[PDB]
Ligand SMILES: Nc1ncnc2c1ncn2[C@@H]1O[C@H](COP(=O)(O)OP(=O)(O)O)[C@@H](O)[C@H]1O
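The form deposited without the ligand is given below as one chain in structure tokens.
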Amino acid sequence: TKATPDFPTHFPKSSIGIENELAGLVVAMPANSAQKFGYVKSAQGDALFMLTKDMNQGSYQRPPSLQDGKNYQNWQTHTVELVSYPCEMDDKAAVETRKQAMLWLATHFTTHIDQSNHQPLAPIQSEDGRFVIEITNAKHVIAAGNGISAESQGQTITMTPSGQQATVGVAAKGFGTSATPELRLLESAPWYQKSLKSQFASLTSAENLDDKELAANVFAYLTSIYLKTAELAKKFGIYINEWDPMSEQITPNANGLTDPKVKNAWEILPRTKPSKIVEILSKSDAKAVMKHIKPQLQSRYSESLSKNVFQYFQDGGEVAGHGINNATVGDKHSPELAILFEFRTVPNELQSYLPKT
């Protein structure tokens, strides 16, 4: 369950962003600090990945034998997560440099907890000159294990395999076209129902649509999302707008749409605000798509659940918190909307994009 890059980005066709929560150390910071405490770049200036706080591990207690005159009042300890800056999926050089930079930083962390335990990281350059650390927030410390003891257990810092996630960015117009291997990988999502493409065609035969194939693609994508949220709201007892699961004898069994177990139920988690996709269609085509969605919910779910799931997304509701809504693909001067997906688990097809210890 993580926060990924929010700044505007652009790529020719598709972007890949990797994530790796580390084991063997913690970052301690003042409470309510920003997630990012630093980043790693190539010597040439290319930003590779961010250093972020991940899971809160409890309050920070400075070891008494490392008293230094400093505050450490209300500091929290967190796990560290390495979050890559997205690159083109076909860019072997950029993909490889990210991996190698992550493996090198684990090496640098290993020495840091050995000689500088409970000290902040310093902005340094790698011994070979390839990688450079930039510190964005000096108000932090890095400590071995859980950060309770003054000394480490001699940990070798590694890229934790259970700590891995991937984020794929593709043109919104491509979802449902099966055009590229990545589009096919995303279309294999268990919640995605391709049959809704042919279903839409039967529904709109007497309608003179501007782009029938595009409208069918959008209808299948949104409908599959709206239907999966309804399925999840019922399975987990999630409150969506004014829908009360308890009204349908459903015991609330999760902390909203953002709860990690809900996010993992998607497997391939949509990360872009669903209401954005309507922009890739003409005002008329968008109206036609939106008009046809409600009955798809109403034939499967209660009026209350259907109207609430439909209104939530129409009004710009997100699938799982802050969306990546400013990403674009294609022509630099005439960009097409990009839509992002978080792989909760990394499949075999995306494994080569991750650093392997």
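Start at 1 with the first residue shown and count on from there. Shifts are known only where both forms have a C-alpha. Only the largest set of C-alpha atoms that superpose within 1.5 Å between the two forms is called the rigid core.
S.K.: Do the C-alpha atoms of 307 to 315 or of 36 to 44 have the higher average B factor in the entry?
M.R.: Mean CA B-factor is higher for 307 to 315.
S.K.: 204 to 212 versus 171 to 179: which one carries the higher mean Cα B factor per the record?
M.R.: 204 to 212 has the higher mean C-alpha B-factor.
S.K.: Which of these, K228, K287, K139, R130, has its C-alpha atom at the highest B-factor, as the entry lists it?
M.R.: In the PDB entry, the greatest C-alpha B-factor among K228, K287, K139, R130 is found at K287.
S.K.: Highest Cα B-factor in the deposition, which of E134, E81, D114, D91?
M.R.: Highest CA B-factor of the listed options: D91.
S.K.: By its CA B factor, does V27 count among the lowest, middle or highest third of the modelled residues in the chain?
M.R.: It falls in the bottom third of the chain.
S.K.: Going by the recorded CA B-factors, say which third of the chain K283 sits in, lowest, middle or highest.
M.R.: Its C-alpha B-factor, which the entry lists for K283, ranks in the highest third among residues of this chain.
S.K.: Could you say whether, by C-alpha temperature factor, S275 belongs to the lowest, middle or highest third of its chain?
M.R.: For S275, whose C-alpha B-factor we compare with every modelled residue in the chain, the answer is the highest third.
S.K.: Taking the chain's C-alpha temperature factors as the reference, tell me which third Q61 falls into: lowest, middle or highest.
M.R.: Within its chain, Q61 is a lowest-third residue by C-alpha B-factor, going by the deposited values.
S.K.: Determine, from the deposited record, the chain-internal third of the Cα B-factor for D331: lowest, middle or highest.
M.R.: Highest third, going by the recorded CA B-factors of the chain.
Omitted from view is the form solved in complex with the ligand, to which the following refers.
S.K.: Should this chain be marked open or blocked when the ligand, placed as in the deposited bound form by superposing the nearby C-alphas, has its atoms checked against backbone and C-beta atoms at 2.4 Å, with 3 or more hits meaning blocked?
M.R.: Blocked, since after superposition 3 or more atoms of the placed ligand lie within 2.4 Å of the backbone or C-beta atoms.
S.K.: Would you check whether the ligand, in the deposited bound form, lies within 4.5 angstroms of a non-hydrogen atom from each of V83, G169 and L340?
M.R.: The answer is yes; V83, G169 and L340 each reach the ligand.
S.K.: Can you pick the stretch from 285 to 293, 304 to 312, 63 to 71, 320 to 328 whose heavy atoms fall within 4.5 Å of the ligand in the deposited bound form?
M.R.: Every other range fails; the passing one is 320 to 328.
S.K.: Exactly one of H112, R271, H140, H78 has a non-hydrogen atom within 4.5 Å of the ligand in the deposited bound form; which residue is it?
M.R.: It is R271 that has a heavy atom within 4.5 Å of the partner.
S.K.: Any of the heavy atoms of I16 lying within 4.5 Å of the ligand in the deposited bound form?
M.R.: Residue-level check for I16: yes, a contact with the ligand.
S.K.: Did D46 and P8 drift closer or farther in the deposited bound form, going by a CA distance change of 3 angstroms or more?
M.R.: Here the pair is farther apart than in the deposited bound form; there, closer.
S.K.: Relative to what we see here, could you say if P8 and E96 have their Cα atoms closer or farther apart in the deposited bound form, with a change of 3 Å or more?
M.R.: Closer together, by at least 3 Å.
S.K.: Would you please work out which stretches of at least three consecutive shared residues show Cα displacements of 2 Å or more throughout between the shown form and the other one, after fitting on the rigid core?
M.R.: Only this run moves by 2 Å or more: 3 to 8.
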